[PDB]
Amino acid sequence: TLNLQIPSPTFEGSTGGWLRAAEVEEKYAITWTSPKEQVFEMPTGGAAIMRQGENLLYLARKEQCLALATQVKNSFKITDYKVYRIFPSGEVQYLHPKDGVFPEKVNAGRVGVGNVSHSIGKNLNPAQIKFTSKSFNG
Amino acid sequence: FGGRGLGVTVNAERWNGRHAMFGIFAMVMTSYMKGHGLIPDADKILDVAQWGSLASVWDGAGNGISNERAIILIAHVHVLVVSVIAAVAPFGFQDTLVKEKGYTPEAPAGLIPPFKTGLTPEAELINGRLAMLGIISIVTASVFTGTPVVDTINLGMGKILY
Amino acid sequence: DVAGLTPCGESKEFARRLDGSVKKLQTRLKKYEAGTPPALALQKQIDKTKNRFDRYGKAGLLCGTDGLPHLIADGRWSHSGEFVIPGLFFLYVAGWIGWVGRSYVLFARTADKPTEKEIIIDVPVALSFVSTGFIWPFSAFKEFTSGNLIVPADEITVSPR
Amino acid sequence: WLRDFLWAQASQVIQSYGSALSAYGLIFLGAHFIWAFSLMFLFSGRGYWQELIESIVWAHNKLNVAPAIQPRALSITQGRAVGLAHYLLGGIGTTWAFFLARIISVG
Amino acid sequence: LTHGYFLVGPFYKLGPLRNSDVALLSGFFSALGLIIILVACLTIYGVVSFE
Amino acid sequence: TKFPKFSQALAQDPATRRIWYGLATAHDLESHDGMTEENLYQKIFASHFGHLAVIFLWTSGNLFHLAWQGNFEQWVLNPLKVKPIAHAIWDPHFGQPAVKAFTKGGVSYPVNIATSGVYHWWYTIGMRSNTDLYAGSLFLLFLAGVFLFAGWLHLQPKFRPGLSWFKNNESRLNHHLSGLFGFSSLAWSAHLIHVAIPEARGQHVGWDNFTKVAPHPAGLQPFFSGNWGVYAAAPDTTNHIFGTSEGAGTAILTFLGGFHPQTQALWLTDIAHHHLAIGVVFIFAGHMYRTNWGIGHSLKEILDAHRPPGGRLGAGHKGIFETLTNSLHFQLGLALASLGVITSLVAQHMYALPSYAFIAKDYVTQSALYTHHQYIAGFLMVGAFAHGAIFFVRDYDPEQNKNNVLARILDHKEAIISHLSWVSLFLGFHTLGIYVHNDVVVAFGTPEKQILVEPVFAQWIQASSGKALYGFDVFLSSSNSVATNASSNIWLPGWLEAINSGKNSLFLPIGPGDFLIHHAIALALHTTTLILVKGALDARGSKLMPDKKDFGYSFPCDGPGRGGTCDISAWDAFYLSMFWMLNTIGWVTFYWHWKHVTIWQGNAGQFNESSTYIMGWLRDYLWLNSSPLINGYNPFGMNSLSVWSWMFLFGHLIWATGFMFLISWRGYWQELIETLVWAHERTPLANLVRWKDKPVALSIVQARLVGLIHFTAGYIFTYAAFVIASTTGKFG
Amino acid sequence: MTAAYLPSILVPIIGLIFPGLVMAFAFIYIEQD
Ligand code: CLA
Ligand code: CLA
Ligand code: CLA
Ligand code: CLA
Ligand code: CLA
Ligand code: CLA
Ligand SMILES: CC1=CCCC(C)(C)[C@H]1/C=C/C(C)=C/C=C/C(C)=C/C=C/C=C(C)/C=C/C=C(C)/C=C/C1=C(C)CCCC1(C)C
Ligand SMILES: CCCCCCCCCCCCO[C@H]1O[C@H](CO)[C@@H](O[C@H]2O[C@H](CO)[C@@H](O)[C@H](O)[C@H]2O)[C@H](O)[C@H]1O
Ligand SMILES: CC1=C(C/C=C(\C)CCC[C@H](C)CCC[C@H](C)CCCC(C)C)C(=O)c2ccccc2C1=O
Ligand code: SF4
């Protein structure tokens, strides 16, 4: 669950932050824990200083949150970060890491989506599947 | 479109009937004044040096719009401005041109509405349909004979206007 | 003569071109003193212009109504030196060049690291190769007939059709 | 600007043939060539040239004359840079020849 | 009131009829036409923007 | 958002990309949601009806606007001095001097001077007054209404045709060859014999008297007797004044050849026999295929049976029948290629052999007609190759085409592209080398050092046609050749008189500049063919992208990986080849216009001496003929060319605008639009107004197309303004 | 020109009223849900 009462990193503000679509369509949240107070670069442009302990941040896009996660992973060795999706109705959807284990590591219970049982050169030509709802993969 | 009172609706027939009664009045009064010479400088050709290139008609002599046609058009421009303001900003009591999506359409009156004399909507619709039919008949009698429309109105009214 | 053209050695407009060039150089010559190096340079230019027009007029070149030599390239031997024989000279050189380059490529595949041979030329071996090109048609034809020039289609990479 | 400056003052560079300023006219044409050549890099993209290079590589493979260093099309950044360099060279050379021929002739 | 009041000025002072005796009448009529166009813009904006 | 109702994926787009992509895919019916083949064919049939109605409405509009605002009745009386009016001008942004300067043609109102040549065409076919022009406009309005009603009717239930009706190759071929080609040509020959030739001889024929005015004094009795040569007796005299009976003949069918000596156009009796013969030949062709009565040829058997037994073509043409019948894009490519070839043929043959009276003296009209139809030809050929590439993407079945001719094209596509590249580089290297060589040697004061190859092959062809200029003395230029004695009694005097007179464009004299510009044209044709063929044959896949057929005909790229894949689709090959097509028609029209202006000026030696180097083209054609165009308006005044003087500059503007969509790419503009979205959202008194679609940058393929459109419009408008204003300033 | 009033009537209509109504109704059609 997303604790809304987590304090935010000390930032002086910028023009690069989230627009009206964040409060109207969807917004993203990233939390992480730091061992010390240290300066990081905002993914929207500018420098902010994260506090010692937990940090909660709001963004407009998932890619901005994951860019910040990659930055703090390769520059501060922080891997406990969690990314959530928040709707205007208040429903919070946990996004990353989805099952608690990072996607580059195999975890039990994961099912393959979009896997094709042949090589890419065995896809069908369009002329078989014109005027037909058969997929080009077979 | 049809859900707002536009197209083949009873509202649009009523509005065109109102405009057609006004058109019959305006044609009769125009014929009366034009026969009687109440248009000042009716044959005066408007000059491009005063009114610009919009006054050019490119006929064979004068190459300008007559002053009488300009006066008739400006008289129509007045009621077009009235039309625009009434269409966008109607009176609270006035019948509106465009209707809201969830409106109740007026029932079609069939062959003839009930015979309610006076300032009733039935009499308004009867003379509106009559005025549209009269405009059709006047146009057809004008274009099948070569008689000008003012002269056609004067002949059909038995030279009362002039 | 051919195609209604006239020989340059009897064309009056060819003479008019020569006279116009000579007067154009002479009016520049008029503004310099005799013995000055610009005067000698201009007189040498006049001599080259006269020698070029004389040589062109006695070569059997055909001149059009413009006053310039027109080349005939339909294969007739009476103008065989105008396109056919110089082209064969190119055909001698160009077939040389590609062949020696091809030879170097076949050498370069046999080295330990071919790409270093590609950027850093083995100068004695390259000079040997550029020496080999003087008999390139017969060598290339024997390379062709022995199956060492053309490779079969089943050993060449192709895209999916 | 088109008539009294560009059209009018270019008379000197296009009638310079047969005179001492004819090199500027040649450079004028050559810059006109190279700038247009620059648009071939500027308007196009890498995949077309890479597939054409694939066909040319097939042609060189047929005669067993394919180089060991595999030919590739210029990079997208290099395509932009080459188009820009030849564009700037062409435009500056055109203005160079036009300015110099005009001002030497009339001034 | 504010925008329609200030709309008269440029049309009167810079229009094609500015050196004629009917410059103000032409400028006011042009301003009224611009007003009608902007009212049509408002109408279609309100039609497409709100339920 | 439900504007693109044919694409659910486009209709759910929250940005401005939805409107653009719905606009660009609106007529791409094959890609729509749930399109079946029968619905596809029926929509295509109705759309073809609508385009036919549009063509008829445009022609009726031309006829009406001439009958109302033209000077046709004045122009018929004096065709060689009165300037033809296209349509009237009513522009309220005009000042008075612009009203004065456009008042031409003998009328009292501003008019545009016609360059389309409709005057000469309508006058030649027998129209003389404004009344029949209006009647023709009414008839075409009625015909367009009939075809609109037919388009509606043939979509209604119990009239929608089946797929077997649409794919009936034999019936459609027989009916379109015998009736649409043959009987239409026979009826046009009938119109020429019955109406046009009597009106050319000053005798009025209309619907009120065409059943009582015989086209020939002997009537149809010589036709029914087999004494057809009576129709060849008493042709028009060389003193005949067109549109009058003075010097008129009585013949209706001759093969006299050459031109009428006054109109400088082909004899109308020759045109009537030509169209009669074309009708007879086409009806004979139109009885070839079997439809319902056992006799006739079967198309499938002809295709399968023509396999050469040596095996060099593989299986031959087996499976081409089903591939062609099932693919509308293969058919569209074949049709567009053939149409482009014949409109090129129209462009060459109509200037060389004009058929309309007094049009050879209308220099602006000839230039406009040639330029127009040649640009149409380039567009049609590019479309043919593009839709062939679409046929490879969408419709090509390899399994139905095993060892076919199409499969063998695909199996040696690399050889085809490599040899096209070789011939393109060959042509460009040596043509540019000769041109630059000539420039350098002329600049250094030595024009005698130029490399000037006489075009002796084409001169030999001209002599074979009878041109005695070059002294080749072969075929029709030989008085003892068997071809000369064979044709001496039928057509040789008129043809020899027309070909050996230097007063027309019949086989114009050619020199080294003509040689160089035809080899440049060959370079441009081969290079455009290289781009288009390489796009069509690599459309299904390449070494850089072997699964391209899974991605469709048009897509931006395959990402920066594998070295970078910009412009890899066949649509991008179309996009690159459009510039080369514009270049090729530019070179062709430059050559045509400069040669024809130098002949019309009586200064053909200027072209003969200046076309061998590029500086001659730049100075003596571009710079020299620009003077009346750039003086259409100036600080001293203005004249009737001023609009072209505007349009010229207009082209120079819009062409340049195309560059910005072709040089600058997406991410810069997308980030600018992010900045603009922030600016609008944060500005008071403007954030009360909100967009419904999110503003985004144009997509990559869309930006390529938009830059191409601005570029192409600038190309066309610049050259059209230049050619019309230059020809008018020098000659009109 | 016979019926010379027709250009001055129709050219302002075709050039200003027709495109304005076409753009307005097309805007309404493409932006409505
Ligand atoms: C070893 C030299 C060599 C040889 C034998 C070939 C052979 C061939 N090339 Mg190729 N090519 C080469 C180098 C070579 N190439 C290089 C270096 C380039 C890059 C500029 C190209 C670019 C190229 C293109 C773009 C095309 C060909 C084509 C062709 C074919 C037709 C001939 C032609 O058009 O030549 C023309 C050759 C050129 C325009 C480039 C030649 C560049 C120089 C002069 C050659 C290199 C010489 C080398 C430095 C000598 C060093 C050896 C020394 C150390 C001993 C043929 C298979 C064409 C094809 O597909 O036809 C079927 C074609 O379209 N080639
Ligand atoms: C004899 C009967 C007949 C005739 C006359 C036609 C006629 C036509 N059919 Mg057709 N059709 C027929 C039977 C017939 N059909 C049958 C039996 C079937 C069923 C098997 C079909 C199935 C069919 C389909 C499925 C389609 C047509 C279409 C068409 C139209 C082609 C477009 C057009 O106008 O080009 C006009 C073409 C010509 C006049 C001849 C070609 C002209 C060439 C280019 C040479 C002319 C050059 C010349 C010098 C120019 C001079 C003019 C210049 C001065 C301006 C045309 C009206 C298409 C269409 O548009 O549908 C509405 C279409 O999609 N047909
Ligand atoms: C004197 C001036 C001159 C100059 C500067 C050039 C310059 C050029 N020519 Mg060229 N040429 C000239 C005169 C000239 N030519 C004349 C007079 C002829 C007529 C015979 C030719 C015929 C000619 C051909 C046929 C070709 C060139 C090519 C080339 C270009 C590459 C050079 C080359 O061969 O690569 C060095 C050579 C190699 C890299 C490989 C060897 C390939 C050679 C050409 C094969 C020769 C032998 C072969 C069996 C003959 C086949 C020819 C056949 C098709 C008729 C280069 C820009 C080539 C080109 O443009 O490529 C597209 C090309 O293919 N030229
Ligand atoms: C004036 C402009 C120009 C020029 C010269 C070229 C030249 C070329 N284009 Mg091209 N192109 C252009 C504009 C131009 N393009 C534009 C604007 C577009 C639209 C985007 C295209 C689109 C296009 C496509 C899509 C294709 C080409 C192809 C080709 C090549 C073959 C055509 C040809 O004639 O071969 C002959 C080559 C030339 C005449 C080039 C000049 C050779 C020079 C003069 C040799 C001398 C070099 C010199 C010694 C270097 C010294 C410099 C040093 C001192 C720094 C050739 C390299 C095709 C290709 O690669 O075919 C194999 C191809 O597929 N182009
Ligand atoms: C496509 C054919 C075409 C074209 C380009 C023009 C062009 C022009 N006409 Mg014209 N006209 C045409 C056909 C055409 N006409 C026909 C068939 C008629 C007979 C009814 C007329 C009757 C006509 C009159 C009476 C007047 C003009 C005028 C004008 C000029 C101003 C535009 C205007 O007010 O239009 C008005 C045109 C109409 C109201 C008639 C509609 C035109 C046809 C029927 C529709 C064709 C549409 C086309 C096929 C589909 C386009 C689809 C898409 C591209 C939008 C302009 C030069 C005016 C003028 O002279 O100004 C100087 C003028 O007063 N036209
Ligand atoms: C083919 C279309 C067309 C037509 C018919 C006109 C007509 C005119 N333009 Mg023009 N214009 C056009 C396209 C057109 N323009 C385009 C595309 C541009 C952009 C480059 C311009 C830019 C332009 C400028 C910058 C100016 C004109 C001006 C003028 C007027 C000439 C001066 C005069 O005497 O008027 C005197 C002016 C009037 C009598 C005012 C007319 C007001 C109209 C009648 C009100 C109607 C409003 C609206 C249409 C109602 C319906 C709304 C609905 C469409 C939603 C004249 C009415 C000049 C002018 O005077 O305008 C103020 C001027 O300054 N035009
Ligand atoms: C790429 C794409 C993929 C698949 C689909 C696709 C549409 C097939 C394709 C697009 C393809 C392209 C567009 C194919 C279309 C291609 C081109 C335009 C074909 C040109 C043909 C010219 C013919 C052979 C004739 C000239 C006359 C000859 C016979 C004359 C000789 C003689 C005659 C009798 C008379 C006198 C002259 C002489 C010389 C004495
Ligand atoms: C065994 C079969 C032998 C051949 C049979 C068919 C031969 C051709 C038949 C043609 C059609 C019938 O022809 C029949 O009507 C024609 C039209 O009224 C007549 O033709 C007559 O009238 C025409 C119309 O004014 C005139 O143009 C003709 O000069 C005049 O001869 C033929 O003189 C008559 O024979
Ligand atoms: C033509 C072109 C190419 C092809 C250019 C090729 C790959 C490189 C040409 C370099 C040559 C080989 C060196 C200079 C050429 C000399 C005139 C002769 C070659 C000498 C040899 C011995 C090397 C691209 O790679 C490209 C990439 C991205 C956008 C546009 C384009 C683009 O327009
Ligand atoms: S630069 Fe553009 S076209 Fe090229 S790979 Fe990147 S996204 Fe694709």
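Residues numbered from 1 in each chain as written, not as in the entry; some residues may be left out. Chains lettered and ligands numbered in written order. Part of a larger assembly, values for the part shown. Heavy atoms only, no water.

- By the method listed in its record, cryo-EM, this PDB entry was determined to a resolution of 2.14 Å.

- Looking at the PDB record, one finds the entry titled "Cryo-EM structure of PSI-11ACPIs from Rhodomonas sp. NIES-2332 at 2.14 angstrom resolution".

- If you look chain A up in the PDB entry, it shows as Photosystem I reaction center subunit II from Rhodomonas sp. NIES-2332.

## Considerations on the overall build of chain G
1) Next: Tallying secondary structure elements over chain G gives one helix and zero strands in all.
2) Next: Expressed along its principal axes, the backbone C-alpha trace of chain G runs to roughly 50 × 10 × 5 Å.
3) Next: Burial analysis of chain G (33 residues in total) assigns 21% to the buried set.
4) Next: In the form shown here, chain G has an accessible surface area of approximately 2,200 Å², with 80% of it arising from carbon and sulfur atoms. (Helix = DSSP H or I, 4+ residues; strand = E, 2+ residues; numbered from the N terminus. Buried < 20%, exposed > 50% of the residue type's maximum accessible area, 1.4 Å probe, protein only. Areas by Shrake-Rupley, 256 points an atom, 1.4 Å probe, with all protein chains shown as cover.)

## A word on the coordination of the magnesium atom of ligand 1
1) Next: The protein gives the magnesium atom of ligand 1 a lone donor atom, D:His60 (NE2), placed 1.9 Å from the metal.
2) Next: In this structure, D:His60 sits in helix 4 (residues 46-62). (Donors = N, O, S within 2.8 Å, 3.2 Å for Na, K, Ca; no water.)

## What to know about the site of ligand 8
All names here are of chain F.
1) Next: Every residue close to ligand 8 is listed here: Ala-218, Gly-219, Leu-220, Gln-221 and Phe-224.
2) Next: One of the backbone nitrogen or oxygen atoms of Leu-220 is found 2.9 Å away from an oxygen atom of ligand 8.
3) Next: Within the backbone of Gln-221, one N or O atom sits 2.9 Å away from an oxygen atom of ligand 8.
4) Next: For ligand 8, the accessible surface in isolation is 760 Å², of which the surrounding protein chains cover 22%.
5) Next: In the shell around ligand 8, the residues fall into three nonpolar, two polar and no charged. (Near = heavy atom within 4 Å. Polar contact = N/O pair within 3.5 Å; in protein donor to acceptor, adjacent residues only side chain to side chain. Nonpolar A, V, L, I, M, F, W, Y, C, P; charged D, E, K, R; others polar.)

## Quick look at the arrangement of the chains
1) Next: Here ten pairs of chains make contact, and the pair sharing the most contacts is chains D and F.
2) Next: Regarding chain B and chain D, the two do not touch, and the least distance separating their C-alpha atoms is 29 Å. (Contact = heavy atoms within 4.5 Å.)

## Thoughts on the state of the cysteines
Note on terminology: disulfide describes a covalent bond linking the sulfur atoms of two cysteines.
Residues and elements named next belong to chain C.
1) Next: With the rule as written, the count across this model stands at one disulfide over all chains.
2) Next: Shown here is the disulfide that connects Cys-8 with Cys-63, its sulfur atoms set 2.0 Å apart. What sets the handedness of the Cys-8 and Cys-63 disulfide is the S-S torsion sign, and at about 105° it is right-handed. Of this pair, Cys-8 sits in the loop between strand 1 (6-7) and helix 1 (12-29) while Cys-63 sits in strand 2 (residues 62-63), placing them 55 residues apart in sequence. An identical accessibility class is assigned to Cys-8 and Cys-63; each is buried. (Disulfide = S-S within 2.5 Å.)

## Regarding helix 27 (residues 666-682) of chain F
1) Next: Over its 17 residues, helix 27 of chain F extends 24 Å from the first C-alpha to the last, a length consistent with the 24 Å expected when each residue adds 1.5 Å.
2) Next: Within helix 27 of chain F, the full set of buried residues consists of F:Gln670, F:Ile673, F:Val677 and F:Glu681. One face of helix 27 of chain F carries all of its buried residues, which in axial projection span an arc of 70°. Exposed residues on helix 27 of chain F whose side chains face more than 90 degrees from its buried face are F:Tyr668, F:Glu671 and F:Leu676.
3) Next: As for helix 27 of chain F, its buried residues are in contact with helix 1 (20-24) of chain A. (Expected span 1.5 Å × (residues − 1). Arc of directions from axis to C-beta.)

## Focus: the interface of chain E and chain B
1) Next: The interface of chain E with chain B comprises ten residues on the first partner and eight residues on the second.
2) Next: Buried area between chain E and chain B, summed over both chains or domains, comes out near 690 Å², and the portion from carbon and sulfur atoms is 76%.
3) Next: Where chain E touches chain B, the interface holds two residue pairs in polar contact.
4) Next: Looking at the side of chain E that touches chain B residue by residue, the class counts come to eight nonpolar, one polar and one charged. (Buried area = accessible area lost by both parts, 1.4 Å probe.)

## As for the sheet that holds strand 5 (residues 82-86) of chain A
Residue and element names in this part refer to chain A.
1) Next: Sheet architecture is open: four strands sit in the order 4-1-5-6, paired in antiparallel fashion. The outermost strands of the open sheet, each flanked by one partner alone, are strand 4 (53-59) and strand 6 (92-96). On average, each strand axis in the sheet is inclined to that of its neighbour by 25°, with strand direction left out of account.
2) Next: Pairing of strand 1 (residues 27-34) with strand 5, which is carried by five bridges, proceeds in the antiparallel orientation. Paired with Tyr-28 across the two strands is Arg-85, which belongs to strand 5.
3) Next: Set on the sheet, helix 2 (residues 62-76) makes contact with strand 1, strand 4, strand 5 and strand 6; between it and strand 1 the angle comes to about 10°. (Pairing = 2+ DSSP bridges. Axes fitted to C-alpha atoms, helices over the stretch in contact; angles between N-to-C directions.)

## Some thoughts on the interface of chain F and chain D
1) Next: Taken together, the 52 residues of chain F in the interface contact 35 residues of chain D.
2) Next: Across the chain F/chain D interface, buried area totals approximately 3,700 Å², and carbon plus sulfur atoms make up 72% of it.
3) Next: For the chain F face of the interface with chain D, the top three residues by lost area are F:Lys534, F:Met615 and F:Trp623, together amounting to 18%.
4) Next: On inspection of chain F and its partner chain D, the count reaches two salt bridges.
5) Next: Between D:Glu51 and F:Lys534 there is a salt bridge, with its nearest N and O atoms 3.3 Å apart.
6) Next: The interface formed by chain F and chain D includes 21 residue pairs in polar contact.
7) Next: Among the secondary structure elements, those contributing two or more residues to the side of chain F that touches chain D are helix 17 (413-443), helix 21 (512-537), helix 22 (570-600), helix 24 (614-623), helix 25 (627-630), strand 3 (633-634) and helix 26 (642-663) of chain F.
8) Next: Among the elements that make up the side of chain F that touches chain D, the one with the highest residue count is helix 17 of chain F (ten residues).
9) Next: Of the residues that constitute the side of chain F that touches chain D, the class distribution is 32 nonpolar, eleven polar and nine charged. (Salt bridge = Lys/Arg side-chain N within 4 Å of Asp/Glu carboxyl O.)

## Notes on the sheet that holds strand 2 of chain C
To summarise the sheet geometry, strands pair through backbone hydrogen bonds and adopt either a parallel or an antiparallel arrangement.
Residue and element names in this part refer to chain C.
1) Next: Ordered by their spatial adjacency, three strands build an open sheet running 1-2-3, and the pairing between neighbours is antiparallel. Bordering the open sheet on either side are strand 1 and strand 3 (69-70), each of which pairs with just one other strand.
2) Next: Here two bridges tie strand 2 to strand 3, and the two strands are oriented antiparallel to one another. Each residue of the ladder has a partner; that of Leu-62, found in strand 3, is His-70.

## Quick word on a positive patch on the surface
All names here are of chain F.
1) Next: A contiguous patch of positive charge, built from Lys-2, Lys-5, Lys-43 and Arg-160, is present on the exposed surface.
2) Next: Mapped onto the elements, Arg-160 comes out in the loop between helix 7 (131-153) and helix 8 (163-166).
3) Next: Here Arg-160 falls in the partly exposed class, since its relative accessible area comes to 33%. (Patch = residues over 30% accessible without salt bridge, like charges linked within 9 Å, V, L, I, M, F, W, Y side chains within 5 Å. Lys, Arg positive; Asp, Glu negative; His and termini not counted. Charge placed at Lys NZ, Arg CZ, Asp CG, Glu CD.)

## Let's talk about the coordination of the magnesium atom of ligand 5
1) Next: Just one protein ligand coordinates the magnesium atom of ligand 5, and it is F:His65 (NE2) at 1.9 Å.
2) Next: Mapped onto the elements, F:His65 comes out in helix 3 (residues 37-69).

## Some thoughts on the nonpolar core
1) Next: Counting 72 residues, the largest nonpolar core has D:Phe43, F:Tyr553, F:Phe574 and F:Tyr575 as the members making the most contacts within it.
2) Next: With 17 residues, the top contributor of residues to this core is helix 22 of chain F.
3) Next: Look past the residues within four positions of F:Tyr553 in its chain and what remains in contact with it is F:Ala386, F:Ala389, F:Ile390, F:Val393, F:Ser569, F:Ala570, F:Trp571 and F:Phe574.
4) Next: F:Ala53, F:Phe56, F:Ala114 and F:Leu268 belong to the second-largest nonpolar core, a separate cluster that totals 44 residues. (Core = buried A, V, L, I, M, F, W, Y, C linked by side-chain atoms within 4.5 Å.)

## Thoughts on the site of ligand 3
1) Next: All residues adjacent to ligand 3 are C:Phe83, C:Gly87, C:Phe90, C:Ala94, C:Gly98, C:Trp136, F:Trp422, F:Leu425, F:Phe426, F:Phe429 and F:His430.
2) Next: Contacts to ligand 3 include F:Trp422, whose side-chain N or O atom sits 2.6 Å from an oxygen atom.
3) Next: Take F:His430: an N or O atom from its side chain is 2.6 Å from a nitrogen atom of ligand 3.
4) Next: At the level of elements, helix 3 (84-108) of chain C together with helix 17 of chain F are the ones that each hand at least two residues to the shell around ligand 3.

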